[PDB]
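One chain comes next, on its own, written as structure tokens: the form deposited in one PDB entry.
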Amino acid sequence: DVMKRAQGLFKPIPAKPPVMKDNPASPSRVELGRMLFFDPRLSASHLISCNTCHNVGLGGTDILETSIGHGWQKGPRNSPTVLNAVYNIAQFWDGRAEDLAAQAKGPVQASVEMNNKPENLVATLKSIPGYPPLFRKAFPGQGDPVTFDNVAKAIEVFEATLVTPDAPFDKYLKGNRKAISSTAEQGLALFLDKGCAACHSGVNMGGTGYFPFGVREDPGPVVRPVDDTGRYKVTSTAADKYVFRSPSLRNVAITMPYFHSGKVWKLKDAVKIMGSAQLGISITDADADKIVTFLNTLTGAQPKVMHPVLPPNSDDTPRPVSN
């Protein structure tokens, strides 16, 4: 039976946030991470926060082809969702960061994203009187707790709470056959039988390893821009050219556009391109429609996040830098 086959390849998202080794999630550290995720003072301009590009109301992404950051500069890649990102084997589309705490240091410093630097960020947080007390509560064994590393750890334990349990497919995996429609179940059988679960398996429906984008056919220079060689830039290993981490397909129906280039807006087109590029098949329009109906059952409960009330500047807070 397709339910039993699925139960051998995928797992539901747990209700409880996962534990980060060597980063305990106290109430104070998670609260601090939620404040920092929404605080645009993490950026040089004081205008961009993590929620700008990973909007918790829009599936943890920004619904753009590629992100726009400091100075209205467009980046090379589509912003992947923060939802469930804690269950991926590594972070970024090329897997270059080992975990969420390592990842968070990237956007802060990237000139086309937040355009900040660690020293300015620490000075800024130290100048906001309400922040050092919260760092002391969250990192109480440190003489100097307001550090870049601690910013990254706080944001990690907050992001570990941004999981989306209870999608209809997870209720199916727990044994409720009626939680998805017959057409969704036929999409699930097509997903399994065409081979998609090789690269999109486990608790996260993906995020499990590194694969060429174009195992069987080049997706072409729009969907796969030639200069973006993926993990090759990370490892300098020729076998990594055009290799990317598979994405988690959880919440894919609400995180358009698709692929690391953001050039494919319709989920049905992304499914057909995956069949061609990865599997050398031409998926029919009727089969692609059933697979999309199945992928729509992977949208989980969206987190319900209170927007933080952030502590005010002092007169010594650094002034925004917008150039």
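Residue positions are given as counts along the sequence shown, with the first one as 1. Here the rigid core means the biggest group of C-alpha atoms that line up within 1.5 Å when the two forms are laid on top of each other.
Across the other PDB entries of this protein whose models span the neighbouring residues, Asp144 is modelled without exception, so it is unmodelled in far fewer than a third. Figure legend: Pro40 is marked as modelled in all of the other comparable entries of the protein, none of which omit it, let alone a third. Two stretches are in play, 130 to 138 and 226 to 234, and the higher mean C-alpha B-factor belongs to 226 to 234.
As recorded in the PDB entry, 286 to 294 is the stretch of 30 to 38 and 286 to 294 with the greater mean C-alpha temperature factor. Across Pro107, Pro221, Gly75, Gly207, the entry's maximum B-factor at the CA atom is seen for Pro221. Take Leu249, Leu121, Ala184, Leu100 and read off each C-alpha B-factor from the entry; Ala184 has the highest. In the PDB entry, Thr299 places in the middle third of its chain by CA B-factor.
Among all modelled residues in this chain, the alpha-carbon of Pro312 has a temperature factor (C-alpha) in the lowest third. For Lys117, the recorded CA temperature factor ranks within the lowest third of the chain's modelled residues.
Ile48 sits in the lowest third of its chain by CA B factor, as recorded in the PDB entry. When the modelled residues of the chain are ordered by C-alpha B-factor, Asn176 sits in the highest third.
What follows is about the form deposited in another entry, which we do not show.
With the rigid core aligned between the shown form and the other one, only one of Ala179, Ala189, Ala110, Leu173 has a CA shift of 2 Å or more: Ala110. Relative to the superposed rigid core, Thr61 undergoes a CA displacement smaller than 2 Å between the shown form and the other one. Relative to the superposed rigid core, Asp99 undergoes a CA displacement of at least 2 Å between the shown form and the other one.
After superposition on the rigid core, the Cα of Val215 moves by 2 Å or more between the shown form and the other one. Panel note: the distance between the CA atoms of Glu156 and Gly71 is smaller in the other entry than in this form, the difference being 3 Å or more. In the other entry, the Cα-Cα separation between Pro40 and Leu100 grows by 3 Å or more relative to the displayed conformation.
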